[PDB]
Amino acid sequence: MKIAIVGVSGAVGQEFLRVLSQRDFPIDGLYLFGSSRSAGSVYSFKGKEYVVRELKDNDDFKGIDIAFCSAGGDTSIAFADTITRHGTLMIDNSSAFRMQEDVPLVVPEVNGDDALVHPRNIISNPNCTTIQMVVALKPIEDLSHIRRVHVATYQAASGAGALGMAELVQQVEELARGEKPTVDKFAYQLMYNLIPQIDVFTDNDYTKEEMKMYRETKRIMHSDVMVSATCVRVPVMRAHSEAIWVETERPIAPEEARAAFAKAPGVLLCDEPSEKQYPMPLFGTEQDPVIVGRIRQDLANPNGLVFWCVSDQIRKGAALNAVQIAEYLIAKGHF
């Protein structure tokens, strides 16, 4: 396979290089692309060094089998025709195509078969917090149809890219040094704070991030489920956490949910109250699973189940999910 990474400079682009090597993805040639800013930069991959080329509207994607894109929705909209011009499959981490009926929105553990039909030769990687949630919801859905979800998120600085991570760490330095915290990538100081706004507001006063959890979940799960989210930025480095209440059509006891989670692909059950075993972002960082715990009956609804889950936003919330889409297609002989 000949593989492209479009947008290699940033956090997700760098994770693509790590994941593709950790998972021994079958590569016979690698092509790195960026803006004029990263053109000419050098990266090493599996012993060879590669030079980034500026993404231009040309024929650079002739002969490339898959392009993993982590360059922003503006780039993906502007250059989709270029990337797919010679039959390359574009697996896009951006939000650009997530609502297009002719472009599949795929989490392999949930709806991997949707990946097999791509009229535009584009497949969309879903929103990070949505991937996390539906990996956990799928084994529950298979026990009883999920009608409603309430979710409060606790989203890491990494959701705002590397610059968001850098702002947080510097604020830590300025606070231990009695200095002035610097505020720019976030709307307010993040250290010692919580910002209940992620992305811009929409006309129903939910944010775009909250509406993604509503709209993307329906597509992925092929479901009429209704998700109402409150998305909050928190002073955590790069794993996202979610407090989830699910309402199903019949009651699911914690023991049944536990059994389902323990067998569910992509899930790690971590739920031992008496040993203080529960998912935490500090320990879910740089791990593959969606980590699930604090499972209990919903005191407010006999048909409700409550739990808590954590996932690494750069891995399963982005690069890992995209690589798993490609792996799923390979296993189906798509190439």
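Residue numbers here begin at 1 and follow the sequence given.
Between 145 to 153 and 172 to 180, it is 172 to 180 that carries the larger average Cα temperature factor according to the deposited entry. As recorded in the PDB entry, 45 to 53 is the stretch of 45 to 53 and 31 to 39 with the greater mean C-alpha temperature factor. Of the candidates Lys218, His240, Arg120, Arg250, the PDB record gives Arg120 the highest C-alpha temperature factor. The entry assigns its greatest Cα B factor, within the set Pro279, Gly304, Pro26, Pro289, to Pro26.
Annotation for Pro254: CA B-factor lies in the middle third of the chain's modelled residues. Per the PDB record, residue ranking by Cα B-factor puts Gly112 in the middle third of the chain.
For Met90, the recorded CA temperature factor ranks within the lowest third of the chain's modelled residues. Sorting the modelled residues of the chain by their CA temperature factor places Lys185 in the highest third. In this PDB entry, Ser223 carries a Cα temperature factor that places it within the middle third of its chain's modelled residues.
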